[PDB]
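Everything below concerns the one structure shown next.
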Amino acid sequence: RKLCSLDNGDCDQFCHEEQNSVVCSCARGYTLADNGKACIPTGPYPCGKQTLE
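Encoded structure:
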């Protein structure tokens, strides 16, 4: 458990080890937060989110 194998590399979603070191990304409808790890929804009904309202 080094990079992506260690707690998903601290990524919210997609994790990939590129030339060593972690690189996170997000599904369509999300944008990688400034921390390069979190995924922020682009609209009102982002994918994979149970509808609260």
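So the sequence shown is residues 1A to 1C, 1 to 50, counted in PDB author numbering. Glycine is no exception: its CB is placed at the ideal position from the N, C-alpha and C atoms.
Check, Outcome
"Separation of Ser22 from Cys36, as counted between CA atoms", "8 Å"
"Short Cβ contact (8 Å threshold) for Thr39 with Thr28", "yes"
"DSSP bridge partner residues for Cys12 (one or two, in chain order)", "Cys21"
"Nearest-angstrom Cβ-Cβ length linking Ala24 and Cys44, presumed shorter than 8 Å", "6 Å"
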